[PDB]
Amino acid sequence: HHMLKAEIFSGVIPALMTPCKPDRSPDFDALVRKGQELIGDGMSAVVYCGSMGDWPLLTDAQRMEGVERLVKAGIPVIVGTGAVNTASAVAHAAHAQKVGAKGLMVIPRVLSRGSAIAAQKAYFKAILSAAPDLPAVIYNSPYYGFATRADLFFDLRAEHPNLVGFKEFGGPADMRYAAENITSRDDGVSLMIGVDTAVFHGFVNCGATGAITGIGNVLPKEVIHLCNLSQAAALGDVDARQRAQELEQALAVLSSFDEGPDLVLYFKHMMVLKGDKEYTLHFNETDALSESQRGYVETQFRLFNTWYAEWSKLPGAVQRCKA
C-alpha cells in the first residue's frame, strides 16, 4: 500500500522546557504561553514532557498536568513517554490518548534491563498498546545501549499499526541507516530529525518529514528558516541547498549544546538572554552553568545573532524560505 505520512510528525516541533515558578515547581501557565507563542511563530506541534522538559525531575502527575494544559489550549501535542518503569510509561501513553494528544514519542526502557532487546520489544509493545489511536514515533539513541533496527521496527509495526515513525538522535550514519532500511518504504513511515545538529542531513540526505528541536525553543524563526531551506533543497533547489548549509553551519555551536548533558542549562540560559526570565531557575537548586560555560554560550549567542541579522537580508532562497 501507499499511505500518507502522519501529519503530526511533519514540520518543526519544539521539545518544550518546563519553566520553574520561584518555588521550583512547574509554571504551567508559562509552559502554555510559550507553547502558544511557538505555534504562532510557525511551529507545527510540540513535544511534552521530553528530556528538554526535565522529565526525570517531575512527577508523572506534573507531566500529565502539563500535557492536559497544552492540549486544552489547542496546541498539537506529542507526548513523551520517558519513564523509570513500564507502568509509568504506559500511564503516560494512556493519558495521552485519554486527553486527546495527537502523537506519542516512545522512549526505550531505562535503569532495569536497558540493554536487553527482549525487554525493549515488550516495553515498546506495552506503550504502543496503551495508546492505539495515536501515531507513534520510537526514539533511537546509543545512550540506551541498544539500537532499534529494521527487524524490530517492522515486527512492532506489524502488531501496532500506530507505530509510524522513527526519531534518530544519533549520528549521521545512524540516520542514514534508518532512511535506507526503515523509513523509505511507501507505507506511511516518517523519519524525524531528533538532534539539533542533523537538520540538513535529515531532510536532504535522509528524507525526513519533520524535526524535533531544542534550539528552536530559543530561535524559532531561525530554525524554521533552516528547516524550510532544507525542505526546498530536498525538492532539488540549487540556491536553497547552498543557503541551508550556510545557516546550519552558523547555527552549529548553539545547536551542539543539544548533544550534551547540559542541554537544559544551556537552552534555559539562552531563553533568559532573550528576555524570558521564567527560564532562570532549575528544578534542582544547584544545577547551573559554570562561569566559563555561561561566557561561552553568551559569546556564541551574540555571534550567531549578529551574523544572522545580516545574512537573513540576502536575496533569493533566503527570503523565499523565511517562516
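All residue numbers are counted from 1 along the displayed sequence.
- When 23 to 31 is weighed against 250 to 258, 23 to 31 comes out higher, by mean CA B-factor as recorded in the entry.
- Averaged over Cα atoms, the B-factor as recorded in the entry is higher for 131 to 139 than for the other of 208 to 216 and 131 to 139.
- Note on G236, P108, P172, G80: the highest value goes to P172, judged by CA B factor as recorded.
- Across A179, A232, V195, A73, the greatest Cα temperature factor reported in the deposited entry is at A73.
- Among the modelled residues of its chain, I13 has a C-alpha B-factor that falls in the lowest third according to the deposited record.
- The entry lists a Cα temperature factor for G53 that places it in the lowest third of the chain's modelled residues.
- When the modelled residues of the chain are ordered by C-alpha B-factor, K98 sits in the highest third.
- In the deposited entry, the Cα temperature factor of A309 sits in the middle third of values across the chain's modelled residues.
- Compared with the other modelled residues of the chain, the Cα B-factor recorded for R63 ranks in the lowest third.
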